[PDB]
Amino acid sequence: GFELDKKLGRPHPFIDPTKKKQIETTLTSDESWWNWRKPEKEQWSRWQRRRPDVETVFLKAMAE
Amino acid sequence: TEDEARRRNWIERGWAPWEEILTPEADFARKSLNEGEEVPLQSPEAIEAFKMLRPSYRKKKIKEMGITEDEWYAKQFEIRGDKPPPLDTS
Amino acid sequence: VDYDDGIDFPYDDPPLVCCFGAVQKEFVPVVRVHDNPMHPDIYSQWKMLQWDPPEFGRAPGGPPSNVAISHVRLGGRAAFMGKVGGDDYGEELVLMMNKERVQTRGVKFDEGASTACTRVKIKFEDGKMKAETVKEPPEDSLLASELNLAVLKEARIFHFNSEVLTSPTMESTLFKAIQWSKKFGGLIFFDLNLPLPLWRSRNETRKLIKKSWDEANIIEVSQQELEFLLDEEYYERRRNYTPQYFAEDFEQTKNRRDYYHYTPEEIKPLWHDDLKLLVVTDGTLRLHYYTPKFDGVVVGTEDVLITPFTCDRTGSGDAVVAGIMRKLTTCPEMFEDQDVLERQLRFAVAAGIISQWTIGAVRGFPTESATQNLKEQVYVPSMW
Amino acid sequence: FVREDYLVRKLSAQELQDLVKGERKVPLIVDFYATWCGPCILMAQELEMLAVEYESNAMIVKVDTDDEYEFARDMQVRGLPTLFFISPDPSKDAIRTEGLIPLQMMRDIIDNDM
Amino acid sequence: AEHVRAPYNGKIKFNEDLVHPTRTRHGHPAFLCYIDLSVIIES
């Protein structure tokens, strides 16, 4: 599996799933300043959709 | 002068120093902008206002003071300044 | 009634829907009096009433053929059931429905009739000129023997408008077709679209529509239609009310547009046992939905001012109804899940929004891809 | 000196009643329209073209439903656009057409039915 | 003015007692640093 696909260049995750850890627990907006609090309601952005391109279509086809 | 101007404001223009109940953000803005633009805060009131920006710190402080949150919220709406002499209705 | 028709088949996807009524070009049925007319001759000013419309014409509907075409453009399969003449205009209408991939196997031709032509006689009763129908047009002259039982068997939703109630032949044919459709398991979609005669008085229209209203599983009415059917003056007074001294909450101070959500207690007179979904549409701005279990509103929007020179609201309600049917035929959980219902109704909101950006109802019906793109652009990703 | 831009005349209910009552030599085409109706713009242009075609061999008039709503309802108008083709012979019966019918359809009706 | 940007997704770990609270020119609470502070990102 890993440590061999990474050596040979075969498709593999960038970070080994076994050597992976979560990021613990962060501020809960009750121990945070006002400027670092997540908004209560999701905000419309006009950048909320990912931009289409050739690379995504070709990668999905090659994954199929 | 700034003793008769205030009296004239009170009498002719209805001025009164009503209590402004502020959020921690507005209180910190008032207490911290009195020092400078980007300076290490030195006045203890500004330091306390900076600490109160996190409600967790406020909860720990009120727990140390041994009082619940509800009347601490009610403690905000207290009339500041001097009190008038009591009424002797004869 | 007694037996079945044709040969049983698994049937292809998406599920078929049937639109029953007249096939006409444009012809918005809902007509009322508006107090803001433009120049009687200069039609270049009349676009100003498209971006400041009368409230009854915010998202106008049309003939069932519009709904069928819109439903097919949104990715569904639809069939139209009706009669046209054997002249050039009837063939033109059938060709229009065929190029839109609407099934015309349910269309009956009449070689001796002129399509969309009605014979009337002009009389002068009590000093006022009037007319009375001599020979009904072929679109109002479909007989119960001319129905297509294969279509009624395959169709999962049966759609019709209250325009057929203005013709007795079409009324009898409609009720026979509803019997056939309910026999085979289809759902009845009543899209009111009250024509000009049916706005005369509340009680007369209630008596005229009560039977078809009670024969429907899904009903779509506009805000004006619902308020006319319940009480126009009460809601007019309620909208005009202003507190005398102070507002009861902060939001009342903003003088925002009224989006009053009718309680199911107010809807109670119009409710019956077989009604699975009632949708009240304030254009594309609001979609008030009512089910036996729950009720709510879907917040939408509109922007015809983004294209002032191509905007036209004709056909927007047809697009909304077509989107509703498109999501109903493929998402049975809409009738039972409120969150799913709102998420799928946002699709119909987007479809109605796009349909207002083009001159012409049929010409401007959106496709499924464009409708989904607009839905994902307008709403935040958590509301998809 | 300056020709008018529109040949289709707008009439009231009373004026239309007087026109129908009086002697008529050419076919009378009555249009019901509303300025808030989107399809009525195309119908207006088509009827202007038709009036240009039939110089004196037909009479094209229009009635606004925001001014004669009750009159339109009496005349069995179920929507817009709606046209009434009234023959000069009182014995014959008028024809009501509903929808954005083609100009050739109007020509056929006028030629072979009025 | 140079901006230090986070090089990884993670959790910021530093002691707030070695820094002095201030207020930015944008109105935000912040910490002024006059020492060789070490900040840990738990990626």
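So that you can tell them apart, the chains are marked A, B, C, D and E in the order they are listed, and the count of residues begins at 1 in each.
Rule of thumb we're sticking to: a residue touches a chain if its C-beta (ideal position, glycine included) is under 8 Å from a C-beta of that chain, and two chains touch if they have at least 3 such contacts.
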| item | value |
| --- | --- |
| Minimal step count in the chain contact network, chain D to chain E | 3 |
| Approximate Å spacing (C-alpha centroids) for the pair chain B, chain C | 60 |
| Gap in Å, rounded to a whole number, between the CA centres of chain C and chain A | 44 |
| Numbers and ranges of chain B residues touching at least 2 other chains | 53 |
| Residues within chain A bordering two or more other chains | 33 |
| Residues of chain C engaged with two or more neighbouring chains | none |
| Chains that touch, pairwise | A-B, A-C, A-E, B-E, C-D |
| Chain D residues within the chain C interface of the complex | 5-6, 8, 10, 13, 16-17, 20-21, 34-41, 44-45, 62, 64-67, 69, 71-81, 84, 86, 93-102, 104-105, 109 |
| In the complex with chain B, residue positions of chain A that touch it | 30-34 |
| Residue ranges of chain B touching chain E (in the complex, touch as defined) | 28-29, 32-33, 37-41, 47, 50, 53 |
| Chain A residues touching chain C - in the complex, by the definition given at the top | 42-46, 48-49 |
| Residues of chain A touching chain E in the complex | 23-24, 26, 33, 35 |
